[PDB]
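Have a look at the structure below before the remarks.
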Amino acid sequence: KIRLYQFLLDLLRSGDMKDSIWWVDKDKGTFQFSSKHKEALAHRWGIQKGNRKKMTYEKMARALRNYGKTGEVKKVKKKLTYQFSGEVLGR
DNA sequence: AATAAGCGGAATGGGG
DNA sequence: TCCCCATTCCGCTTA
Ligand code: NA
């Protein structure tokens, strides 16, 4: 099954949900969610995963925080903004 | 207050 | 057994 960080990277590459997520500085790998349209993206993640409950941005961001220590995604000190690692971007 | 983002400990669930 | 990779729940903090 696809990992959350890969799902997000794939969306940014395809542009399928441009009103929910976008690059801020693509060369640096920083990206940001839409305040008003992030829940539709979270819903999509849960449906793709086949999860029992409806996915919310809160639960998706809880999973995102677990990447902080391994490094695939880190929180940036800007509203709704995160950053992929060089390793993730290179693959 | 209302609204919202951000946090993580802990319990629980996936699929090896 | 016991790690993988989350998901779900809850209470708290910060803006
Ligand atoms: Na967030």
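In what follows, chains are A, B, ... by sequence order, proteins preceding strands, each numbered from 1. Atoms considered below: every heavy atom in the structure, side chains included; atoms not considered: hydrogens, waters and symmetry mates.
Applying the side-chain contact (heavy atoms from CB on, under 4.5 Å) rule to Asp16(A) yields the partners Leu11(A), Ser14(A), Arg44(A); only residues at least two apart in sequence or on another chain are considered. Considering only residues two or more places apart in sequence or on other chains, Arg65(A) meets the side-chain hydrogen bond (donor to acceptor under 3.5 Å, both in side chains) condition with none of them. Taking the side-chain hydrogen bond (donor to acceptor under 3.5 Å, both in side chains) definition, one finds that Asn66(A) meets it with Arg62(A), sequence neighbours left out. Considering only residues two or more places apart in sequence or on other chains, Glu39(A) meets the side-chain hydrogen bond (donor to acceptor under 3.5 Å, both in side chains) condition with none of them.
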Sugar-phosphate or base contact per nucleotide [nucleotides 9-15 of chain C; S, B, -; heavy atom under 4.0 Å]: S------

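At the heavy-atom level, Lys36(A) lies nowhere under 4.0 Å from the strands shown.
Taken residue by residue, residues 66-76 of chain A places heavy atoms nearer than 4.0 Å to DNA chain C at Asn66(A), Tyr67(A).
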Let me have the donor-acceptor pairs involving side chains of residues 51-58 of chain A, under 3.5 Å, with sequence neighbours excluded, atom names and distances please.
from	atom 1	to	atom 2	distance (Å)
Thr56(A)	OG1	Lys59(A)	N	3.1

Compile the donor-acceptor pairs under 3.5 Å between side chains in residues 21-34 of chain A and protein atoms, sequence neighbours left out, one pair per line.
from	atom 1	to	atom 2	distance (Å)
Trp22(A)	NE1	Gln32(A)	OE1	2.9
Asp25(A)	OD1	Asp27(A)	N	3.3
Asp25(A)	OD1	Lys28(A)	N	3.2
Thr30(A)	OG1	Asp25(A)	N	2.9
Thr30(A)	OG1	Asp25(A)	O	3.4
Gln32(A)	NE2	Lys79(A)	O	2.9
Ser34(A)	OG	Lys36(A)	N	3.3
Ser34(A)	OG	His37(A)	N	3.0

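Applying the ring-ring contact (aromatic ring centres under 6.0 Å, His included) definition to pairs two or more places apart or across chains, those involving residues 58-81 of chain A are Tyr5(A)-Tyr67(A).
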Which dot-bracket string describes DNA chain C (Watson-Crick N1-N3 plus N6-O4 or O6-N4, or G-U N1-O2 and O6-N3, all under 3.5 Å; [ ] crossing; | other strand)? .||.|||||||||||

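A gap of 23 Å separates the P atoms of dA6(C) and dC2(C), to the nearest Å.
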